[PDB]
Amino acid sequence: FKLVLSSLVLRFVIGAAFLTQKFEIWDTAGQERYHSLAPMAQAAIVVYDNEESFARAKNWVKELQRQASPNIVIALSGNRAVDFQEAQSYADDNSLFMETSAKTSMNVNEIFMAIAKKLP
Amino acid sequence: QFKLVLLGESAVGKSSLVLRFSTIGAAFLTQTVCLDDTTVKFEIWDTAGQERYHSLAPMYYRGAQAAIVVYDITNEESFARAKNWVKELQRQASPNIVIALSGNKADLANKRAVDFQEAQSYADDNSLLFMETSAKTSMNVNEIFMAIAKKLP
Amino acid sequence: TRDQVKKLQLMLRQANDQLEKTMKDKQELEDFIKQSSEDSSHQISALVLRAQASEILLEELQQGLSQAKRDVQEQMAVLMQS
Amino acid sequence: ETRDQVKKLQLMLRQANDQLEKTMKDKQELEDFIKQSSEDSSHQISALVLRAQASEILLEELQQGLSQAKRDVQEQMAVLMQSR
Amino acid sequence: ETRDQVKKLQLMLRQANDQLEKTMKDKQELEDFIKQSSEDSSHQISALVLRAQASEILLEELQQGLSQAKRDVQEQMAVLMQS
Amino acid sequence: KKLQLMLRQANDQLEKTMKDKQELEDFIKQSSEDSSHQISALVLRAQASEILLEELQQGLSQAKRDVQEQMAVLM
Amino acid sequence: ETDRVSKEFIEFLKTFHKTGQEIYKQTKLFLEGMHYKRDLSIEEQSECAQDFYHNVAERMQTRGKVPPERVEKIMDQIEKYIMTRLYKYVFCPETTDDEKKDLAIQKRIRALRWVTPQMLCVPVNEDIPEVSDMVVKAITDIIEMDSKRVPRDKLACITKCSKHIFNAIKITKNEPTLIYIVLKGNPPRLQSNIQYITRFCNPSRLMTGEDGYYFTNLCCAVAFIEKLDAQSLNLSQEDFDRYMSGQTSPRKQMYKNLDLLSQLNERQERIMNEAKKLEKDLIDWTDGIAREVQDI
Amino acid sequence: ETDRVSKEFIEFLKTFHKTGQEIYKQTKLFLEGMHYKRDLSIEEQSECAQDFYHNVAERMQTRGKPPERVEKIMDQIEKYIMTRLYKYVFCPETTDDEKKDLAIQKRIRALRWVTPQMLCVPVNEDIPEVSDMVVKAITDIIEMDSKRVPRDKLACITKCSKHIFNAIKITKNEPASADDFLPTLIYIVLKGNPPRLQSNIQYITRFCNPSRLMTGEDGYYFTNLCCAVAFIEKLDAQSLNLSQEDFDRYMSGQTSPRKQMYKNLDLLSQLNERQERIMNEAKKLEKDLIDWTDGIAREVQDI
């Protein structure tokens, strides 16, 4: 399967983008500039940390739900300034979601091992 | 005679507006105007729009008798620069001074970022002379100027 | 017919690969002169700078002597007295 | 159809041959040009610096070289106060 | 007191002369340092770039010359290809 | 008595010679500075002329591999 | 051509003494097919060939029962024999715009020669001899892909390329772009190469192999540049127009530099000499002050 | 020169059969005083100078009686005084003038590294003329010290700033704001290491007619000048848009004397050794190359 996504995939698995675990995982550029032309994928995630990250994640899932092939499953990553209750209300309004910490490697193994068993 | 100083943020037309008011380079002005039979003449200090030399103004303005602060309307930043310039003015410039502020580059106002009623609000809150100006069409220039001049003894 | 156009379209294709290479080639040599010109460039002024500074040292110098002939002349004017 | 086609192919091939011709003359000339450019860039340039860092000294030994020569005559007028 | 004035004065003068004498040395030496030095700056530098631009270019005759020998020798496999 | 005058004299000429030296000094720092900026800029060009040079040396050593694989392909 | 490789493969397939014949004839069959179709339309040229992909891959596995752990390597050797004969035929087909859009790229890139990376904010600093030392090769590996006919060596050129590229990040920032390397490089015969890949690369090598991920993000960068605009730069059109007027002016710097030079020699030749005059004009004081007093 | 002005001055006042005497003796009385008072507090020195200025200024109006005209006399009068007086009044031994004159001379001495990339001055010196008037502004601030009187001086200030506006205009072709100006003059001062700089300035501040200083063209120049200066002593990396790293760096491990030419001298042999290397290697493929081409030509030409 093909997954579409600096440090959080670094704890899980030379190159920053591609890492084979099959987990065939592709990584996105931190810049806001070349945002369109994204779709090639059967799995996907969305990551935020700053509430702007949250906002970009919003219009990002709002790009995804519309454009793609119908089958693909999505997963969201927290990475304070925002209520979790807010983020979770948003997430369950639109139906897998979690907050993660890689230095202790908290939910690092998990979100991947939960994304894997989802794909039919 | 009569002493005035000119302060602003850079390239905001700190340069331009006076210039229109082609032989030499842009000095202090020493312009003579009279609204009466008696004559009042002006002195005018061109000052650093560049922001790092925004530090030395004290002696430029020291003995001077009048003043000006420039803010651009398409750069709200030049307007904030303007406000700080004002607070500094009333405080550590000889409080004997008289004040007047305007937004400029009134030619491309399809690009305007600074609100007329807001800036006139902040102006008339501290009892300031406020009628915004343009250098290209030259609008309230000499008008804002006789406005300047009705004040000095 | 198929001789008249197929083989012709091939001849064009190759003549086109060919322009492609020569175009590549020129623009390479050309980009190059822009670079040699650049590296001469940043330098050429620092090359001016010593020149005119060592034009200034000479005007101030010509000047100080233009002073000292005047000074020894006035001083020997102070000596001629009784 | 062929009568339509062959016009257009003899076209691109002819235009483009003249085009090759442009780019050919252009490059061989441009390069000959630059080879010359480094030459009159260097010969002069070194004949410039080389005269310079060694010519702008002359003025330096003169600025320093005056002050003793000024000291010479300044000392020289001192011989005169005794000759009074 | 007079004679103390005279020792301390003899000190200032002897010491100052060894010192003047020092500076005239260091200085005159030094001009000699840079004269010849900026000579080497110079002479060398010119002889140097003269090598740069007389040489750094000598190679694009190749920059282009390799791309030609690559087009002609890619061609010889074509001069064989009909054979 | 006379020593104090000759000592004024012991000073002043030195202070002058101090000028001569001190000027020379500012100067060589600066011709030196200027030279400096040139030599940094010169090195900068030289080694570039070297990069295209290993770039090419390898590009030919590869093109021999290219003719060997292709003429191995034709015979 | 037809001889030697005829040998290498007949040597190659007989190793099984089982499957050795099947592949051979099926091959020369669809082969006469695609060479017949050599004159057939291009889109119509690729079809019974990719059919041949999916079809061989399936036909052999159900009946043959052979471990595919070695197939990881079988994906490679197969493409050589085909592309060698077919290059003349299928590379830059006359039926397509391949040549033409190759020139689209060549011209466009040349015309963009004025752009620099600090605006893209690409995670490099080429000032270091090292990162730029790999910048140069970065430029050349994407180039040599065209030198080789086969998709093996070609995609090896893409992969090797993408790989020596992030290392500039690792030398400058030191973190583990696309637009920046291609745009300074101006790669030859691009579209029919790109497409040579599209039609004749292994779709699987596009799916599992790294070369796939590399290639995919490449064409993203390409089709990005083709219509590359102001808004991907975030810069205004008043000056932009000026930049579209043309900065070509190549011999020009050297032309101007070369003017200045002789007035500057003129400046210092305009110096030494008066200082040499001021030499003489100097002593004439010192000696003059000398003679007139030497009298008394 | 303490000799000569006695004539020129008289030539000026000789037209006046009325007030010439009236002012003259009045002046030389208390002036005779100032040679005696040369030992009084300096502040008191500029004091009875500014007093005597202003006092004639009222007194002539009192007996003798237009201000349209004063700016033109203001030069001449002070001219006569300073000619005899400069010697007493320049750089007092009692004062720190000498000291900060050297403080600044070293301060700017250390400034040999400056480029207007740091300051962003809107000038381009590359054009011959532009550098010609650049040179002149400097020749003016150098020549600034030469003048015994402060009028000729203040004219060097003006004139200098003038050769600066001039270059500003030729380089820009738009005239200059002081956004386009201050860093220029600083660029000139920085290049002047101007002599007896401090004590010249203060000689002016303390000694000159203040009106020609407030109203005259000279006022704005001298002003922005001293500003530029006392700014230069108090300097910011972050006002240069530089990190603390460069700011300390260009002065921190350098200023060891003559070492720079040494370093440059090493380097220089290193590079020339390299270009001999590259060249002789390209000669290696001068040869090592063709033998492939003609070699793939001839060795293959056989069959």
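The numbers here are math on the coordinates, done by the rules we state, and not lab data. Every residue, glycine as well, gets a Cβ built from its backbone with ideal geometry; the counts of neighbours run over all protein chains shown.
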Give me a single rounded figure for F:53-64: the average over its residues of other chain Cβ atoms within 10 Å of their Cβ.
6
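Within 10 Å of each Cβ in peptide G:262-271, how many partner chain Cβ atoms are there on average? Round it to a whole number, please.
Across G:262-271, the average partner-chain Cβ count within 10 Å equals 6.
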Cβ-Cβ FRET estimate between residue A:59 and residue G:42, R0 fixed at 60 Å, reported to 0.05:
0.90
Pairs from D:22/G:107; B:105/H:162; A:58/A:103 whose Cα-Cα separation, in the structure shown, is over 18 Å:
B:105/H:162; A:58/A:103
Distance between modelled label sites at residue H:245 and residue G:239, nm, 7 Å Cα→Cβ extension:
2.6
Just name one of A:38, F:36, F:60: the one whose Cα is farthest towards the positive end of the charge dipole of the protein assembly as shown (beta-carbon charges, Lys/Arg +1, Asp/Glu -1).
A:38
The protein assembly as shown - Debye-derived log10 I(q)/I(0), Cα point model, q = 0.05, 0.06, 0.09 Å⁻¹
-0.56, -0.76, -1.29
Give the average over all directions of the projected area of the C-alpha convex hull of chain G, one decimal, in nm².
28.8
With a 10 Å radius around each residue's Cβ, average the other Cβ atoms per peptide and rank E:49-55, B:91-97, highest first.
E:49-55, B:91-97
Using θ = phi - 60° and the Karplus relation 6.51 cos²θ - 1.76 cosθ + 1.60, list the HN-Hα couplings for segment B:121-132 in order, rounded to whole Hz, with x at every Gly or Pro.
5, 4, 5, 6, 6, 9, 6, 9, 6, 9, 8, 4
Per the 1/(1 + (r/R0)^6) rule, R0 = 51 Å and r from the Cβ atoms of residue F:40 and residue G:15, FRET efficiency to 0.05 is 0.25
Mean other chain Cβ within 10 Å across H:127-138 is 3
Mind pulling the per residue volume of the convex hull built on the Cα atoms of chain E? Å³ is fine.
99
Can you tell me which of G:237-249, H:218-230 comes out highest on packing, and rank the rest after it, using the mean Cβ neighbours within 10 Å?
H:218-230, G:237-249
Set the Förster radius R0 to 60 Å, insert the Cβ-Cβ distance between residue E:82 and residue A:11 as r into 1/(1 + (r/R0)^6), and round the FRET efficiency to 0.05.
0.45
Student exercise, segment H:47-129 dipole from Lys, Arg, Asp, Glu Cβ charges, in Debye to nearest 20
240
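Order the peptides B:124-137, B:101-114, H:176-189, G:156-169 from the highest to the lowest mean number of other Cβ atoms within 10 Å of their residues.
In decreasing order of mean packing, B:124-137, B:101-114, H:176-189, G:156-169 become H:176-189, G:156-169, B:101-114, B:124-137.
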Cα-derived Rg to Rh of segment H:1-59, Kirkwood definition
1.02
Ratio of Rg to Rh for chain B, alpha carbon only, Kirkwood?
0.93
Cβ-defined net charge surrounding residue G:116, 12 Å radius [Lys, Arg +1; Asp, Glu -1]
+1
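Using the Cβ atoms and a cut-off under 15 Å, what net charge is assigned to the surroundings of residue D:71, where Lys and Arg are +1 and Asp and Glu are -1?
Computed value for this residue: -2.
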Among the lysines in chain C, how many pairs, 8 or more places apart or on different chains, have alpha carbons under 24 Å apart?
5
